[PDB]
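Structure first, commentary second.
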Amino acid sequence: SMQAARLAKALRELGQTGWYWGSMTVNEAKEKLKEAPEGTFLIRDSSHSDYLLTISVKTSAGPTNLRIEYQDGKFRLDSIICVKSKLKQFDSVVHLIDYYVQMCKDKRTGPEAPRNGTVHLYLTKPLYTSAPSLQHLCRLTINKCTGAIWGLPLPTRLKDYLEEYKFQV
Amino acid sequence: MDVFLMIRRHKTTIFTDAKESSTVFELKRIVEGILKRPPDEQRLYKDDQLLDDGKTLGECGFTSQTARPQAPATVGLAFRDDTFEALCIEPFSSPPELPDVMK
Amino acid sequence: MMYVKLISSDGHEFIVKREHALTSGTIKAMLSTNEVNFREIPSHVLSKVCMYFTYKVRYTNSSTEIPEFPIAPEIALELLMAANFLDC
Ligand SMILES: CCc1cc(CNC(=O)[C@H](Cc2ccc(OP(=O)(O)O)cc2)NC(=O)Cc2ccc(F)cc2)ccc1F
């Protein structure tokens with residue numbers, strides 16, 4: 030299926046992040062986030078039967094957790110927290126994260142909670158499981174500079190690499 | 001604790017690390033193993049200032065926060082026949098101009 | 016043998032611990057003389073590569089929070105090609 034193909038790719042991108050912690054319990058995430066600055070986040074498998082993945086993030090009050098939903102080929106933040114029309118849907122979960130990160134980088138969202146009940150996710154920097162490759166670190170930097178990788182002075186083989194992961198986080 | 005450094009002379013750079021409590025003399029002992037020049041034939045600098053052999057790197061200013069593995073602090077190195086040479090560090094090549102798309 | 020010497024195309028020599036140099040898959044093939061001459065990698069790129077060897081070795085585990093590796097936009101094209109040449 031074109032659905033199953035998009036989900037395989039979603040999971041492929043996730044393995045590229047360096048901040049996917051796989052099977053990690055909520056209490057291991059709470060320990061690993063305890064001393065981190067506000068907004069530090071990771072993604073990990075959900076221990077819940079109906080959810081694939083969970084975001085764990087440091088707030089000023091300590092680590093908290095937010096599940097990610099997958100329904101009919103699309104990812105969104107758990108619809109328990111808000112009406113679904115306010116929870117943007119994505120084909121890839123790294124793209125979902127990238128969006129919320131760019132939202133805060135662009136100061137279109139801050140650590141203060143909104144008063145009108147819309148979505149309040151303050152994310153700054155990921156928590157890496159290990160040092161990612163130097164290739165990937167360069168890819169992250171080129172993604173933060175431009176989205177037009179096909180006009181770059183680069184061999185086609187390395188543009189295919191940049192195309193496999195277009196995110197800024 | 002750990003301090004990460006580039007020890008530089010002319011066109012030579014050593015990537016090494018030390019402890020913030022390590023002495024300057026301990027640093028020169030590292031240089032000797034790799035460059036085979038005895039410690040008394042060595043002078044080490046932070047910027048344009050000579051470093052007393054008995055100080056710790058900390059008391060010279062090399063903190064962990066300022067000497068990270070991804071951004072090591074630079075130590076200059078000058079060798080001694083009768084005279085000690087001038088401290089001289091050859092710069093790296095300069096990067097090309099950023100392509101327009103990326104500006 | 017505890018260290019290896021890496022030489023850029025403009026003649027800069029970089030002395031780094033041999034264990035560090037092995038993070039590069041390309042270097043590990045040759046080494047596993058004690059010098060390697062990169063005749064197409066300039067010093068502004070090669071110095072940053074060596075910093076990455078340090079950072080990679082220090083931060084394999086996660087008992088320390090892994091900080092960010094800063095990469096100026098101006099080297100990132102060349103750094104990409106070097107990183108792909110060295111396979112790290
Ligand atoms: C700012 C992020 C955010 C959060 C919310 C509300 N969130 C929750 O009330 C979550 C539910 C929850 C629990 C566990 C879990 O993990 P999972 O079962 O999926 O593995 C997934 C979700 N409660 C906790 O975090 C409490 C907790 C923290 C640390 C710990 F050690 C144990 C428990 C709404 C909007 C938001 F934007």
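Chains as they are written, first to last, in PDB author numbering: chain A, 30 to 198; chain B, 1 to 80, 82 to 104; chain C, 16 to 47, 57 to 112. Beta carbons are placed, not taken as given, at the ideal position from N, Cα and C, and that holds for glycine.
Checklist entry - Within the present structure, is the beta-carbon of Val31 (chain C) separated from the nearest heavy atom of ligand 1 by less than 6 Å? => result no
Next on the checklist: Just to confirm before moving on: does the CB-CB distance between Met75 (chain C) and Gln70 (chain B) stay below 7 Å?
Outcome noted: yes
Checklist entry - Taking any Cβ of chain C, which residues in the segment 31 to 45 of chain B have a Cβ under 7 Å from it, in chain order? => result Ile34
Next on the checklist: Whole angstroms are fine: how far does the CA of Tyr79 (chain C) sit from the CA of residue 115 (chain C)?
Outcome noted: With chain C covering 16 to 112 only, the question about residue 115 (chain C) has no answer from this structure.
Next on the checklist: ligand 1 and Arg96 (chain A): does any heavy atom of the ligand fall closer than 6 Å to the residue's C-beta?
Outcome noted: yes
Item to check | Per DSSP, the bridge partner or partners of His10 (chain B) | outcome: B:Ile90
Next on the checklist: Quick check: does the Cβ of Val55 (chain A) come within less than 6 Å of any heavy atom belonging to ligand 1?
Outcome noted: yes
Checklist entry - Would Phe85 (chain B) be called buried (16 or more neighbouring beta carbons within 10 Å of its own) or exposed? => result exposed
Checklist entry - Less than 6 Å between the CB of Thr83 (chain A) and some heavy atom of ligand 1, yes or no? => result yes
Checklist entry - Out of curiosity, what's the CA-to-CA distance linking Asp107 (chain A) and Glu98 (chain A)? => result 5 Å
Next on the checklist: I'd like to know whether the C-beta atoms of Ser67 (chain C) and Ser94 (chain B) end up nearer to each other than 7 Å.
Outcome noted: yes
Next on the checklist: As a quick exercise: from A:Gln32, A:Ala33, A:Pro182, A:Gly51, pick the residue whose alpha carbon is nearest that of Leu156 (chain A).
Outcome noted: A:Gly51
Next on the checklist: Taking 8 Å as the limit between beta carbons, can you name the residues of its chain near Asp120 (chain A), skipping five residues before and five after?
Outcome noted: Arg35, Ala39, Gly102, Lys103, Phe104
Checklist entry - Would a C-beta distance cut-off of 7 Å place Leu99 (chain B) and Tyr45 (chain B) closer than the cut-off? => result no
Checklist entry - Cβ of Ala44 (chain C) within 7 Å of Cβ of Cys167 (chain A)? => result no
Item to check | Buried/exposed call for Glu102 (chain C), threshold 16 Cβ in 10 Å | outcome: buried
Next on the checklist: Let me check you understand the geometry: is the CB of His10 (chain B) closer than 6 Å to at least one non-hydrogen atom of ligand 1?
Outcome noted: no
Item to check | C-beta neighbour in chain C for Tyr194 (chain A), strict 7 Å | outcome: no
Item to check | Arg80 (chain B) versus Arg37 (chain B): straight-line alpha-carbon distance, rounded | outcome: 9 Å
Checklist entry - Quick one: Cα of residue 201 (chain A) to Cα of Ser162 (chain A), how far? => result With chain A covering only 30 through 198, there is no way to say anything about residue 201 (chain A).
Next on the checklist: Out of B:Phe62, B:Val3, B:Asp53, which one is the CA nearest neighbour of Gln42 (chain B)?
Outcome noted: B:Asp53
Checklist entry - Closest to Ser87 (chain C) by CA distance: which of A:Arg96, A:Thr69, A:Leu62 is it? => result A:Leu62
Checklist entry - DSSP puts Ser85 (chain A) in a beta bridge; with which residues? => result A:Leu71, A:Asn94
Next on the checklist: I need the DSSP call for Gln131 (chain A), collapsed to helix, strand or coil.
Outcome noted: helix
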